[PDB]
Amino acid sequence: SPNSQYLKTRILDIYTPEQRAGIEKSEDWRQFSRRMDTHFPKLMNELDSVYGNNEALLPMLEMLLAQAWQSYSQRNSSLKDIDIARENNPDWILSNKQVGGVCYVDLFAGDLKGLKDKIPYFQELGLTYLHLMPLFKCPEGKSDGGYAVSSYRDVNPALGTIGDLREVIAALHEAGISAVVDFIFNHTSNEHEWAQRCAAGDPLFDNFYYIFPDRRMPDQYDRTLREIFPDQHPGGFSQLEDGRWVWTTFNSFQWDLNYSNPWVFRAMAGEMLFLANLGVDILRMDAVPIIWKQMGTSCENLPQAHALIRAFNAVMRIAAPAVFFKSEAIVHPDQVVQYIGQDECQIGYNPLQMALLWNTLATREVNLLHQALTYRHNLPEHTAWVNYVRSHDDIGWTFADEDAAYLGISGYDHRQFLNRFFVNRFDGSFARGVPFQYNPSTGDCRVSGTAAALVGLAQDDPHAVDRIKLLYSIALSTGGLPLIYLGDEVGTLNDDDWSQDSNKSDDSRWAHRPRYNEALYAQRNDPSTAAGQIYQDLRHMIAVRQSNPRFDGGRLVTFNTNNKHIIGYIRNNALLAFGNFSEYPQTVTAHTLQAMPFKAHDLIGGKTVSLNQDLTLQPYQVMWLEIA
């Protein structure tokens, strides 16, 4: 195996002697040389564990690192400043100053120019982090909402140009906001150049995807594969027009990139350096578990998957230190955390907390949430959760059956109830959602619908507004980077007309992907409207979070409230949070509060609260009590 010093001199072997000597004396190279020394041994180890004695490994690595240097040389100087600043502050994502938003560029603002105009609103809201949904060229009609990529360099013409995006990224930075874009690295669309060329049998693109002659292999793989979109096709495979079969985990027009080929790693690392130099602060690592395949396994969460992500990480540490990773692993909780590490993905989605937030609204019982918060919340140093209430996706019930079992809960039966409840097929349910991917062969089902629809705002349930307040508070205060689905802050309901657009009617996730409601946004300043109540509620909690250092970091300790309806937890030995999940008044007992100070200021309601007597929370009330 080669070393850092060998590759460095081989990189400089493209320059003529005259220029080489000048390059070697420059600041850019010194930094690049330092980072090569620190981070290369990780890159080599990671790739070695995946590719072993592969013929192509060294030439690939030489080619990749030659680009890394060129990419870093061309890297805009203000991005280099961010590079140094994040090398020095690896914990910036752990700061209570961070509050994130996410929106579709078109549905929220028309296009990229219009998006840049909404920046003042983002500053009004207090956002420091903004995820723009898939921005790039994709097939017309059905494209899994942009997640089928036809080019990683060409912006969706309907949104604007590559130029506009750089302008947007720059303006966001001027406003103190980080740009977050998807890195859809598991798959491309079937109209992506690499797809067309691989399928056509271009030797330059051999083994870029998994294409089979017949059903022999697909049949054998399917024996152990999870079906993500069963509505679309069974198992993990789609048939071409020519009769062959391609690996398609998601839609049929989404082809799994083949990471057994090292040149696929190189190609995708090149695409990563490109997005980096655009000024992207955080890449959303889409479908992290899917990137490695092995016969007889579920082809999810395999060791090589982790290694490749760690290899990508090292690439950034070398050529773009500012670029952090956000892990999208919507899987078993034991597997979710395994992607979260400083040399893998520094942050990741927290599907466990989100799902249990909703669970608790339905059961009124905090047992699973409290369990999850007690045993699964705290993370390795320099890493954070992305805590959320809703997203562009369905809600999946991703609690651990093992964990449920210790509580005498049957996972199978509990998901039956949760699914019935949130699609308004359980007596008295306040929820107005729709099924997503009901699977007759597994019993599995997920839930589409906005936060407002799922808490009962559509029928004007008197508790709807408080429910939204309650959910966001937990996301904003547990510890980690909170991500608001833009639209929620004014109580945006479903697009009940999703099912009549024929590019959409097979994907109930559009129910909760409506176009910006201008009437609702006009009301955000009026406390008489639900939009206003929700807005000032959220805006208040954001303000408190960002200015009160009791919220800093990601560590939490659960407080046992001795009431099955009330969640309790402590931040930094100075903040005590209570959340009533009952629609009835619920009491935290004086006996329970014995060890707390006799009085504490509530950051929510503004009042001072007595803790040497019984504490009765109103329906869905949340208290943030300063106890130190």
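Numbers for residues come from their place in the sequence shown, where the first is 1.
Higher mean CA temperature factor between 323 to 331 and 440 to 448: 440 to 448, per the PDB entry.
Higher average CA B factor: 27 to 35, of the stretches 557 to 565 and 27 to 35. Per the PDB record, 171 has a higher Cα B-factor than any other of 171, 315, 283, 309. Residues shown: 376, 370, 166, 266. Highest C-alpha temperature factor in the entry: 166. Compared with the other modelled residues of the chain, the Cα B-factor recorded for residue 581 ranks in the lowest third. Residue 73 sits in the middle third of its chain by CA B factor, as recorded in the PDB entry. Ranked by C-alpha B-factor against the other modelled residues of its chain, residue 398 falls in the lowest third.
Residue 415 sits in the lowest third of its chain by CA B factor, as recorded in the PDB entry. Per-chain ranking of the deposited C-alpha B factor places residue 535 in the highest third.
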